[PDB]
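S.K.: Quick one: structure below, then a few questions.
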Amino acid sequence: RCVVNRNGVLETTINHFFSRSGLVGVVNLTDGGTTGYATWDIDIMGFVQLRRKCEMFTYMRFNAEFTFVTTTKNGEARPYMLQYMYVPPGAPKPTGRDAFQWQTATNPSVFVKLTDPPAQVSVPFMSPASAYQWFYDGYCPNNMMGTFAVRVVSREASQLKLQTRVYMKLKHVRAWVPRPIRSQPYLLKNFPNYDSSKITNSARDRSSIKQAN
Amino acid sequence: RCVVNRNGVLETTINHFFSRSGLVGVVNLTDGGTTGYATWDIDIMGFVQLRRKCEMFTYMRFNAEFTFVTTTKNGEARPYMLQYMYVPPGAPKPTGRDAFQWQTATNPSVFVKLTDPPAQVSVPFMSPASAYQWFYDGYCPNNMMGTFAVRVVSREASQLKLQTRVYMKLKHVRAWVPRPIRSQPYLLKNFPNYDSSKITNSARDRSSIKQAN
Amino acid sequence: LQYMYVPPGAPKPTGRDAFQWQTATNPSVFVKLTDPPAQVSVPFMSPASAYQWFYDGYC
Amino acid sequence: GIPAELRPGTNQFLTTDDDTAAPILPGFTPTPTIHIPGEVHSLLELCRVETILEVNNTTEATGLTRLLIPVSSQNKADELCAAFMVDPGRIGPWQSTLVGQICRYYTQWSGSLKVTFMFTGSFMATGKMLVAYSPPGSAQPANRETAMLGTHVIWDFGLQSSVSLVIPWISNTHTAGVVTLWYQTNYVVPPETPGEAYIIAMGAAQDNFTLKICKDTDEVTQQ
Amino acid sequence: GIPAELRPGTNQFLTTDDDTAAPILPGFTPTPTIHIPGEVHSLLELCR
Amino acid sequence: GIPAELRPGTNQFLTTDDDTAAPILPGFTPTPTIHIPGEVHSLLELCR
Amino acid sequence: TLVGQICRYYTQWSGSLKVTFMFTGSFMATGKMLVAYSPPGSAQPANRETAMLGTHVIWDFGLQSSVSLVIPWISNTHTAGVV
Amino acid sequence: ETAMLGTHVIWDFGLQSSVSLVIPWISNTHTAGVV
Amino acid sequence: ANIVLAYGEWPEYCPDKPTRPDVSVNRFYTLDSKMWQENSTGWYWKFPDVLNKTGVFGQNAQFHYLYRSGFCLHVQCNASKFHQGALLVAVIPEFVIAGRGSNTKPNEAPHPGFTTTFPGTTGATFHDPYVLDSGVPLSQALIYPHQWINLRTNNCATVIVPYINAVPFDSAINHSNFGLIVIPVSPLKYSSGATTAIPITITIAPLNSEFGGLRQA
């Protein structure tokens, strides 16, 4: 067609550029009787589809909503109780399935069944500074958020292998100090290391300089 | 009887002529372990009961509500997680069961169980022009709306054959430039092709011109 | 389970998978067996002003 | 934490329910509308248009000539030229019109109609013609006198080349009444002029035409 | 997202309940009423 | 004890839904913000 | 460029653009140069005359060491026009 | 088509039995233009 | 003469630079006369491609890429006082010509060529006028703006048609906006010794023309 009109100006802001429930985490669980607990220290730099969108800025500040969707090996609805546990920054991680870390009242827990709708919690801004930053020039994942340990609520044991997904959605996001978008591929998680040799150009080549390829 | 009174004038408008949750789509699924995903590019010209009612006009503009009702081969209520995914116009379709298209945050997804009430979503006006049109005299289904891919949420595989129905309801419909109703049968989907020979008359014949048959 | 309301004048369904079960004009109610019983409301659907069970004159 | 209870009708999917759904793209604004001419609001705007009736629907006729009434010469007075029914929602001449295709999506209708004739013939040819409406009950009249005792218009081929007869109130729940069309005097013609002309018949609804209870149509032989 | 709880009596079908139901034909207006003589209101008019 | 019914769309997880969630740390106040130069609001500031 | 990396996260765009040139050379070297915009449809011109019949700016290497040409309205749903 | 791209009058044999076309400014010092 | 305004609206300029010639394009372009006979079928014209090769309008419509205009139509059909017959003239927005065949397969089903869909300045004739070559009956074609040219009442018709499109601007080369159709519902009849065929003349005027985006050849 021919777009002669002007388009919308509301879906270009940061609040609409980030606030959408994507995927961040995939966690496994076996519970043989053979660790049953499943720790996951959260970092938003896991996938390369949000890291490229978040390393475009230098400082950020946001709240998060996490949704937990747990299925079975093939996928069933066995109504078993599951405990999610939020370990704030500084608190010790759980070491076993029935360790005392799973009983302390300070670590908030969520009890949900498998037949129930997926779980949903909200985590506020938990940084000692004024905002997050993914580029710290000076002298564990950067910008501690906290762990999201999970286990099955039972006394003796169980005989199923869970498989859960953690979907994160940002909300009330604010950005500061924009910076260019990284074009080179990634090599590490907490380091912007590129390859010395094999430098990919930012534009695929054409035949000559006097054409319209 | 004898209708001597006047009837209602509210059930003749376009808002009541179109807004009713009919059927548009029927989608299959096998999930052998043998494609498990099930794409369906939506077009409202599928059935010949809505195409005849929508080709009566030249320009239209509406929002849609889609309801997904999924049953088993015979029909059971196995509580398995299902993911519906809306692929907007321009976005690439999913190619496999566990392809990266099923993880991108931009394609909205709906997670529902089989024991739950049927799923229901709302799609707004998604055309680059000012309104849809089913007769483009000049130089994929006409008037791109977007795909409604579906899959079962599991890690390894499943051993059931789903069968789902997609019911569409139009809402906030506006019409422009009416045109006569097509009497000849159909031959294609995106073309108003009729048959040169075997032209069906618009009225069944009678004996003579001087009777009351 | 699918319940279907056939208004007066509309043709009845003839088979299990006939096209009468797909027409949008006949309202349908989808309910499971584990769910609470279904409930619908039907208004006054007579061409006259009121029903009458004694029609002296000439389903 | 307000207390609540669920009543019968929970978790049901009613087809004709007026219930909103959660939007898929929040904040996305659609394309602004422009002033496109020809906006329609109700189907009653489509019923008020004249439309050629197919009154010559008999056999051994080709495609187009089924829309023409053959008003020929070599005939005589008090002769039946052409007659037809009035029912729009019935298999007949009223199936080819637009009000006959619209009034089949619905199951009840009422109101008055209007049938307009138009004579396609030479300018030098004249002659009187009696159009006649006979209401329901009594059937088509046999002779001209019984037709002119009913409703009638004596339309000549003078300056009036398009007569219009209003049909009063014919409704659904019903014979139906017949529109007959008689040779009043003759079809006179001067030399160097063909003695065979035609009449196009058209028919539409009025402001009183109203509709109720929408059902499926059956002009489709497909799924 | 208001918090809510369900009490005893949930998902029950009481016969003599005064509860409305969803209409089947929305927007459909019925036939207007005329003045039919002999309207009764209670059965006490029949006992007299 | 208000009567209520559930409609289609119950217990579904829509990705692009604008729905709030229960906070994990209630009463916990975050760090106050300072005036950091270079705040951006929309991507149209980056295209220019 | 940056607008080419931003406008790929979205699927539709519109508006006008601006292309600015800058000459890195000696101060004692001068010479005239014809920049030319040709809208969509018609392709790149073959000779200078057809280019100067379209949109053009005759920019010399005098005091003006940075010329700027505004490209009008080039949109998504489309050849595209040649600079 | 080339004639109707120039100056033209579509004159029918209805009531108008006498059409009139004005020829603008044709002068001496000059082809001359064709009707 | 009676003027039937299409959809009750006058062709107007675009609301808030596109050029407006207003001098040499608002002139009466007259097409060649069509020869109506006994065994004729009808004719149709795709409008914004009829004047794409005719003079200043064709030049200024091919050398641009934006386009928005209306049209003041005029169809003169002058016959003798002894001939008889009737014509139906009508405009149709987005008049898509269908193909005649019996194939459901995509790559082998028939489709009209470039000369059939875009006739040009000479028009084209119908093949099955009872279905408008589109599978749509001609009995209810009166839903469009239309006039009856009856050979015993008048000999002219006018259709002032506005711009009917979803987008306010469009290319006038690869999109024919709307079509004109003339169909002899009542056939031609005359006695021996008269004129065997009747001429039909069409004159059109592009009211309120707007072009955008000059492009050098």
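Because the Cβ atoms are built from the backbone with ideal geometry, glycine has one as well, and the counts that use them run over all protein chains shown. Every read-out reported here was derived from the displayed coordinates using simple, explicitly stated rules and does not represent laboratory data.
S.K.: Taking strands (runs of 3 or more DSSP E) that do not extend beyond the range I:1-63, which have at least 1 residues that are touching a helix residue (DSSP H, G or I) at 6+ places or on another chain (Cβ under 8 Å) and more than 13 Å from chain H (Cβ to nearest Cβ)?
M.R.: Strands (runs of 3 or more DSSP E) meeting the threshold: I:43-46.
S.K.: Only residues that are more than 7 Å from every other protein chain (Cβ to nearest Cβ) and either part of a helix (DSSP H, G or I) or under 15 Å from F:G9 (Cα atoms) (or both): list them for the range B:96-112, please.
M.R.: Across the range B:96-112, the qualifying residues are B:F100, B:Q101, B:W102.
S.K.: A further question on this structure: Have a look at B:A203, B:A175, B:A212 and point out the one that is within 7 Å of another protein chain (Cβ to nearest Cβ), over 27 Å from B:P141 (Cα atoms) and crowded, with 20+ Cβ neighbours inside 10 Å.
M.R.: The unique qualifying residue is B:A203.
S.K.: Look at the range D:129-166 and say how many of its residues are part of a strand (DSSP E or B), hydrophobic (A, V, I, L, M, F, W, C) and surrounded by fewer than 17 Cβ atoms within 10 Å (Cβ to Cβ).
M.R.: 3
Yes or no, residue by residue, for (1) within 23 Å of F:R48 (Cα to Cα); (2) within 14 Å of chain B (Cβ to nearest Cβ); (3) basic (K, R):
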{"position": "G:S16", "(1), (2), (3)": "yes, no, no"}
{"position": "G:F21", "(1), (2), (3)": "yes, no, no"}
{"position": "G:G31", "(1), (2), (3)": "no, no, no"}
{"position": "G:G41", "(1), (2), (3)": "no, no, no"}
{"position": "G:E49", "(1), (2), (3)": "no, no, no"}
{"position": "G:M52", "(1), (2), (3)": "no, no, no"}
{"position": "G:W73", "(1), (2), (3)": "yes, no, no"}
{"position": "G:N76", "(1), (2), (3)": "yes, yes, no"}
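S.K.: Considering only residues of the range B:55-95 that are part of a strand (DSSP E or B), facing another protein chain (nearest Cβ under 8 Å) and aliphatic (A, V, I, L, M), which is farthest from the chain's Cα centre (by Cα)?
M.R.: My answer is B:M81.
S.K.: Same structure, new question: Residues of the range B:159-171 being within 14 Å of chain A (Cβ to nearest Cβ) and polar (S, T, N, Q), which ones?
M.R.: Answer for the range B:159-171, where residues must be within 14 Å of chain A (Cβ to nearest Cβ) and polar (S, T, N, Q): just B:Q159.
S.K.: Let me ask you something else. Could you tell me which residue of the range D:25-58 is nearest to the chain's Cα centre (by Cα), considering only residues that are part of a strand (DSSP E or B) and farther than 30 Å from D:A82 by Cβ?
M.R.: Among those that are part of a strand (DSSP E or B) and farther than 30 Å from D:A82 by Cβ, it is D:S42.
S.K.: Further question: Need the failing condition index for D:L130 against (1) touching a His at 6+ places or on another chain (Cβ under 9 Å); (2) under 26 Å from D:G89 (Cβ atoms), just the number.
M.R.: Every condition holds for D:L130 apart from (2).
S.K.: What residue, among those in the range F:35-48 that are more than 7 Å from every other protein chain (Cβ to nearest Cβ) and out of contact with any helix residue (DSSP H, G or I) (no Cβ under 9 Å at 6 or more places or on another chain), is nearest to A:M85 (Cα to Cα)?
M.R.: F:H35
S.K.: So which strands (runs of 3 or more DSSP E) are wholly in the range I:94-202 and hold at least 1 residues that are charged (D, E, K, R)?
M.R.: Qualifying strands (runs of 3 or more DSSP E): I:178-189.
S.K.: So, one more: Check the range I:77-90 and report whether any residue there is at positive phi and either more than 11 Å from chain H (Cβ to nearest Cβ) or not in a helix (DSSP H, G or I) (or both).
M.R.: yes
S.K.: Working only within the range D:78-95, note down all residues that are within 20 Å of D:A142 (Cα to Cα), in contact with a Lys or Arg (Cβ under 8 Å, 6 or more places away or on another chain) and either facing another protein chain (nearest Cβ under 8 Å) or buried (at least 17 other Cβ atoms within 10 Å of the Cβ) (or both).
M.R.: D:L80, D:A82, D:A83
S.K.: Which condition breaks for I:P110 when tested against (1) more than 14 Å from chain D (Cβ to nearest Cβ); (2) crowded, with 22+ Cβ neighbours inside 10 Å; (3) touching a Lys or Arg at 6+ places or on another chain (Cβ under 8 Å)?
M.R.: If we test I:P110 against (1) more than 14 Å from chain D (Cβ to nearest Cβ); (2) crowded, with 22+ Cβ neighbours inside 10 Å; (3) touching a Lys or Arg at 6+ places or on another chain (Cβ under 8 Å), just (2) comes out false.
S.K.: Please name all residue pairs, on different chains or six or more residues apart, with Cβ atoms under 7 Å, provided the first residue is in the range E:5-34 and is at the interface with chain C (Cβ under 7 Å from one of its Cβ atoms) and the second residue is outside any loop (DSSP other than H, G, I, E, B).
M.R.: E:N11/D:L6; E:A21/C:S41; E:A22/C:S41; E:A22/D:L14; E:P23/C:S41; E:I24/C:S41
S.K.: Which of the numbered conditions does B:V48 fail, given that it passes all the others? Conditions: (1) facing another protein chain (nearest Cβ under 8 Å); (2) crowded, with 18+ Cβ neighbours inside 10 Å.
M.R.: Here B:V48 meets the rest and fails (2).
S.K.: I'm checking my understanding of the structure. Among residues of the range D:59-88 that are hydroxyl-bearing (S, T, Y) and outside any loop (DSSP other than H, G, I, E, B), which one is farthest from D:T175 (Cα to Cα)?
M.R.: Step by step, filter the range D:59-88, then rank; the result is D:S72.
S.K.: Right, here's the next one. Of everything in the range A:21-45, what is facing chain B (nearest Cβ under 10 Å) and buried (at least 17 other Cβ atoms within 10 Å of the Cβ)? Give them in sequence order.
M.R.: A:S21, A:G22, A:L23, A:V24
S.K.: Which condition does A:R52 not pass, out of (1) touching a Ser or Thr at 6+ places or on another chain (Cβ under 7 Å); (2) assigned to a helix (DSSP H, G or I), if it passes all the others?
M.R.: Against the list (1) touching a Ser or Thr at 6+ places or on another chain (Cβ under 7 Å); (2) assigned to a helix (DSSP H, G or I), A:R52 comes up short only on (1).
S.K.: Quick one: B:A175 ticks every box in (1) assigned to a loop (DSSP other than H, G, I, E, B); (2) more than 23 Å from B:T70 (Cα to Cα) bar one, so which box is it?
M.R.: The one condition B:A175 does not meet is (1).
S.K.: Of (1) closer than 24 Å to A:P117 by Cα; (2) in contact with a strand residue (DSSP E or B) (Cβ under 7 Å, 6 or more places away or on another chain), B:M56 satisfies all except one. Which?
M.R.: It fails just one condition, (1).
S.K.: Condition (residue is more than 13 Å from every other protein chain (Cβ to nearest Cβ) and assigned to a helix (DSSP H, G or I)) applied to the range A:140-158: is it met by at least one residue?
M.R.: Checking the range A:140-158: not a single residue is more than 13 Å from every other protein chain (Cβ to nearest Cβ) and assigned to a helix (DSSP H, G or I).
S.K.: Same structure again: Among the listed residues D:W169, D:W182, which satisfies the condition of being surrounded by fewer than 19 Cβ atoms within 10 Å (Cβ to Cβ) and within 14 Å of chain B (Cβ to nearest Cβ)?
M.R.: Residue meeting the stated conditions: D:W169.
S.K.: Name the pairs: first residue in the range D:193-213 and under 16 Å from D:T107 (Cα atoms), second residue basic (K, R) and part of a loop (DSSP other than H, G, I, E, B), Cβ to Cβ under 7 Å, at least 6 apart or on different chains?
M.R.: Qualifying pairs under 7 Å: D:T210/B:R6.
S.K.: To continue, here is another question. Filter the range D:100-122 down to the residues that are within 12 Å of another protein chain (Cβ to nearest Cβ) and either farther than 26 Å from I:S139 by Cβ or of a type in the set (A, V, I, L, M) (or both), then identify the one that is surrounded by the most Cβ atoms within 10 Å (Cβ to Cβ).
M.R.: Out of the qualifying residues, it is D:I102.
S.K.: Please enumerate the residues belonging to the range A:9-20 that are within 12 Å of chain B (Cβ to nearest Cβ) and assigned to a loop (DSSP other than H, G, I, E, B).
M.R.: A:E11, A:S19, A:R20
S.K.: Residues of the range B:123-139 being over 14 Å from B:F57 (Cβ atoms), outside any strand (DSSP E or B) and of a type in the set (G, A, S), which ones?
M.R.: Answer for the range B:123-139, where residues must be over 14 Å from B:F57 (Cβ atoms), outside any strand (DSSP E or B) and of a type in the set (G, A, S): B:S127, B:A129, B:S130.
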